[PDB]
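So the structure is just underneath, and the comments pick up after that.
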Amino acid sequence: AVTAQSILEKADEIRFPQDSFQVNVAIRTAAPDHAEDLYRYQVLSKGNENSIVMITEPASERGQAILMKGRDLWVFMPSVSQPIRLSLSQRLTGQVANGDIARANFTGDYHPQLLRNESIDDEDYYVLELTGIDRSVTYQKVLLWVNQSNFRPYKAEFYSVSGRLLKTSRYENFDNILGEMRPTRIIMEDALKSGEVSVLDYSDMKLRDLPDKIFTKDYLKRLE
């Protein structure tokens with residue numbers, strides 16, 4: 034039988050390899066009367082265990098880095114010699130939270146339960162309610178639509194600590210990468226008043242050995 038846990042696992046394994054990898058992420062945010070400069074990042078992803086997110090553009094931000102160990106983030110900034118702490122749930126840029134780039138998987142961070150099934154045309158979806166295990170994960174509640182036919186993630190709704198809809202995402206531009214048809218675009222839309230939409234494009238995904246010993250403040254002591 035399919036279970037909520039297995040559905041979530043399958044969707045996670047479509048989104049990303051369940052392995053250590055590198056990927057580039059370009060994030061373009063705009064709202065009708067205001068656009069952001071393009072942001073680009075290189076991500077070294079080791080599940081939900083460890084990651085490094087390095088900003089490459091814009092130039093004003095280049096060189097900042099985020100080190101994740103467990104649920105804790107250390108952020109390296111030019112105004113301080115030692116890194117500082119931000120949370121997974123805090124804002125990266127636009128409609129993107131730190132955890133949206135730094136985490137790999139929903140599994141382990143959320144307890145899944147089937148909320149309902151939905152048909153949107155000739156396609157049926159499982160709608161999973163993902164309850165955050167605790168207040169340090171990225172969200173307290175996510176609703177995730179997973180295609181029943183192939184377990185692909187379809188869209189998500191992200192809720193506040195008090196149950197207000199904050200934003201929505203859509204998974205798009207599926208391509209054959211490392212054993213799966215994986216989404217290479219995610220669109221994150223504000224559900225509130227800003228009019229912002231952030232478009233995240235993933236490129237050059239590749240498996241990479243990421244030793245535990247790179248996930249340290251010393252590894253990130255750089256100046257270019």
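In the authors' numbering, the protein residues as written are 34 to 257. Ideal Cβ placement from N, Cα and C applies to all residues, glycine included.
Cβ pair residue i, residue j closer than 9 Å
i: residue 243; j: residue 78; result: yes
i: residue 235; j: residue 86; result: no
i: residue 233; j: residue 215; result: no
i: residue 225; j: residue 145; result: no
i: residue 212; j: residue 170; result: no
i: residue 96; j: residue 222; result: no
i: residue 37; j: residue 204; result: no
i: residue 165; j: residue 143; result: yes
i: residue 194; j: residue 181; result: no
i: residue 241; j: residue 49; result: no
6 Å Cβ shell around residue i - same chain, five flanking residues per side excluded
i: residue 185; result: 47
i: residue 175; result: 163, 189 and 191
i: residue 72; result: 60 and 126
i: residue 98; result: 87, 109 and 253
i: residue 231; result: 60, 62, 127, 128, 129 and 221
i: residue 123; result: 131
i: residue 141; result: 81
Contacts around residue i, its chain only, beta-carbon distance under 8 Å, and the 5 residues preceding and following it disregarded
i: residue 247; result: 77 and 85
i: residue 139; result: 41, 44, 45, 145, 163, 175 and 177
i: residue 119; result: 99, 106, 108 and 131
i: residue 206; result: 216, 217, 218 and 234
i: residue 201; result: 188, 189, 190, 191, 221, 222 and 224
Counted within 10 angstroms of its Cβ, other Cβ atoms place residue i as buried (16 or more) or exposed
i: residue 229; result: buried
i: residue 249; result: exposed
i: residue 136; result: buried
i: residue 56; result: buried
i: residue 45; result: buried
i: residue 91; result: exposed
i: residue 81; result: buried
i: residue 179; result: buried
i: residue 106; result: buried
i: residue 93; result: exposed
i: residue 117; result: exposed
Close beta carbons around residue i, own chain, < 7 Å, minus the five adjacent residues each side
i: residue 89; result: 73, 74, 75 and 95
i: residue 104; result: 121, 169 and 170
i: residue 102; result: 83 and 248
Where are the alpha helix (DSSP H) runs, 4 residues long or more, that stay fully inside the stretch 73-101, in chain order?
none
Counting Cβ pairs, one atom from each stretch, are 3 or more of them under 8 Å apart for the stretch 121-131 and the stretch 54-65?
yes
Does the stretch 92-111 come into contact with the stretch 149-161, if we say contact requires no fewer than three beta-carbon pairs (one atom in each stretch) closer than 8 Å?
no
At what residue ranges does the stretch 148-190 contain a whole run of the beta strand (DSSP E), taking only runs of 3 or more?
156-165 and 174-180
At what residue ranges does the stretch 101-132 contain a whole run of the beta strand (DSSP E), taking only runs of 3 or more?
105-109, 117-119 and 124-126
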